[PDB]
Structure formats: C-alpha cells, structure tokens
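Below you will find one chain, with nothing else, as structure tokens; this is the form deposited in one PDB entry, and questions on how it binds or moves follow later.
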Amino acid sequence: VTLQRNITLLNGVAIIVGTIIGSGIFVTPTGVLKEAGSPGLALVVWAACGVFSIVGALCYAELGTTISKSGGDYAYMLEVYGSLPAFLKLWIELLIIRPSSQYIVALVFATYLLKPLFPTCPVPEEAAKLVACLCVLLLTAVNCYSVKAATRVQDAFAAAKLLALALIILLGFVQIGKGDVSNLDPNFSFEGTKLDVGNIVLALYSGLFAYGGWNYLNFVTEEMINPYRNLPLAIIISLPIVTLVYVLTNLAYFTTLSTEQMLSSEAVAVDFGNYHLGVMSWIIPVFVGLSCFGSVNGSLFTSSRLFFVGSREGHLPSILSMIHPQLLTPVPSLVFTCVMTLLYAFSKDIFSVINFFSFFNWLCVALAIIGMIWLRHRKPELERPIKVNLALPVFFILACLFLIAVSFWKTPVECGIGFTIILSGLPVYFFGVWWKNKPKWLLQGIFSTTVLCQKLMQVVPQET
C-alpha cells in the first residue's frame, strides 16, 4: 500500500504557477512603488527579484534530484543537519507557518468574492470568516476523496488565474495602442535612489515577497511520474513564465493610473477594472477570488504530504502516515491540516505573522543550500543526474544572509519573539522523540488512541 505516482509534468507546472500567482500581483505594486518612487525603477526591481528566484529554484532542483525523498526542505535538512535541527523546522511549520498562510489566503478569497456587493464600504467580518471556513472545509474533503480530483481542481484554477492575468495584459495593450503615453517614455521622475541605505533593497524585499513559493514541488516529490526528469523540467518551465507575466502586468498598470492614483489605492486591479470596464467591472474581484481559491488547494496538498513524511521517521505520532486503502489518500494527515488551519479563525489579528513567515522562509532556504554545499564534498559518491556549476549557490547563499539581515533589521522586536517561539520546541522533542521507553500509563494510551482513530477512519500502515 504505497501512495502513488500520478503527477505528470502538466500537473506539476500548475502546483508551482498557481501557488506563486496569488494576491501579490493584485496588491504589492502599491508597496514597491511607494518605497521606490519611480515607475522605471519598479519595472527593473520586478526583474531583479525574478532572476534571483530563478537561481534559487535551479539550486533547489539540484538538491531535489540529489536527495530524492519527499517532504523537501525537511528531508534535505534531516540528511544533513540531523534529527534535532529537522524537528526544529517541522515544529514551526505545523504550529504557525503553514496554518496561517492558508487561513490568510482563504480570507483574501472571501473578502474579494463578496467585493461586488460592497464597494464604497467594506465586507463584514463574521460573513467573511464563514466563507473562509467553507473554502477550507470543502477542499479538504475534495483532497480526501481522491488525488486525481485534487490535481484537476488545481489544473482548472491555475489556468483560470492565467486567463485573468492575460485579461489585464490585453486591457493594457489597448490603452498602449490608444496613444495615451504619459508614462514609460519621459520616466524616472523621482529615481528614489538612496535615503541612507534603504531605498532599493526595500523594493527588492517587497518584490521578493511577490515571487514566493517556488519550492512546493519539492514537497510533493516521491509522487511525481519520473521525478528524475520532470522535477527540474517543471521548475524550468514554470519560473520565467511567471517572470515575464509579472513584468507585463505591472507595465499594464502604469498605462491606466498615474503614480498618485496607484499610491493611495488599496487594490490596483480594482481601480484598473473601474477605469477600463465600468459595467461588467465585477469580473476582476471575482477572478482575484478564484486566484486565491487555487492556492489553498495547492497548499493543503503539500502540507498534508509534509506532515505525512515527518511521521515516517518518528518525529510525529504514528496515526499520521497511515494511508486509507481504496482511494489511497493520507486521510488523518489532511484532517489534521484542516483542523489546525481552522484553529486560526479565533485570532482577531492574523496578518501579524507575515514578517516571521518571510524571515523563517529565507533562513531555512539559506540552511538548505549551506547543507547542499556541505554535503557535496562530504559524500561525493551519490548519483547526481543534474549537476550545477558552483557560485550560483554562493551568490544565492550570501544574498540569503543579506535578506536575513534585512528581515532582522526592520522589526527586531517581533523577530526575537519568533526566535523564542522557534526555541519553544525543545521540551516537546525531549518528551516525545528523545525520551525512549515511555511508561505504560502512556504507551497503552498512545496505542489505544491510534487504534480508535484507525477504526474511525479505516486506515492501514504504509507497507509496500
């Protein structure tokens, strides 16, 4: 009873494209322009942040084909840094990081789905939390039913958000043809170059938030069809398409609004549709809702497959990593992902985790490439079908430390708090993992609860 190998190339490109293209391209052009001043400097920041992510994606394709085991960026750390510095990543990713980036995206889906009913005013809070909860609870059942269904959902919604962005490119390339060319020729009216250090690097920071999530195909490897060829091929297909589309859409934003119309807005896509449609202008917040509905489906899959793999080693309880036969899906991992996600609907301020999210993100990507170069000498006998020339990691590995320095020195008061939350996973480790031979008051209880959940969900262990 193995899982399967049923993800092709075309189902692999969708997992990356639909997870990168979320709500960043419909919000963050205000922020990068507000911290960059000029349109022409933003239009080159949105390529300088693109090629950086192409470099890091190629290096993760190296690391993925080398260590070809699932739960990537955690299996690549467990092989290198041991048991405890892998439990320290797995403890943060199930408690804070994964069950906040799904609730936030579900909330964005909800508040943009009900946007054509309330314009001059905002949507109600309890009416949007319930739609976010319905968005989570429907997709977890779709994922528990089958895997070939949860791939065809993502295939539809990635193409839906691609058509939605191509609509904006087409509406921009008509206003380019209407000879209203007040920008993009007489440009660089601010140039915003240097306050003391922080004017170009902060635009890079926001643009690098806009490009996130290109390493989720590593979470779903050991489930692809032919992962020795298709894992780098899907990434190489997926990333520069996102780069060119992100450049062309921002170029289409400047031929409609002026700079001050873009800086004081809340959603540049909404003001774009207000200008260029007038009537049938309710299409654009519908498509932003569909674009955030694809990403929750994309993230539940990989979070379930990560907490599956993290229990095969013994870091997590053993009711996780037990497939249900017939409709071979890891049910008690998906149930756990969904419940832990819905637990963050009782927080009244949920957007206050994005800084810790980005800091933890760049720190663990740094740890991974340090481990890759440290292992390339330490075990130079493994089969590497795709081998990368060096100094592509090194230029990436120094710039990751520079980004940790930026994320650390923009708000230290919260990053130290998150460092304490990271350090809070030690007593759980020494109670569950390192303290072998627990007493019979616990070893009967753990086994009986596992048997109870097995008789509830009809699940067998993974033995193939």
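By rigid core we mean the largest C-alpha set that fits within 1.5 Å across both forms. Note that residue numbering follows the sequence shown and begins at 1.
There is also a form deposited in another entry; it is not shown, and the following applies to it.
Checking 342, 367, 319, 200 for C-alpha shifts of 2 Å or more between this form and the one not shown, after the rigid core is superposed, gives a single hit: 200.
Core-aligned CA deviation for residue 186 between this form and the one not shown: 2 Å or greater.
Residue 356: CA moves 2 Å or more between this form and the one not shown after rigid-core fitting. When the rigid core is held fixed, the Cα atom of residue 395 travels less than 2 angstroms between this form and the one not shown. Put simply, residue 189 and residue 173 come closer in the other entry: their C-alpha atoms are 3 Å or more nearer than in the form shown. Cα of residue 402 to Cα of residue 193: at least 3 Å longer in the other entry than in the shown structure.
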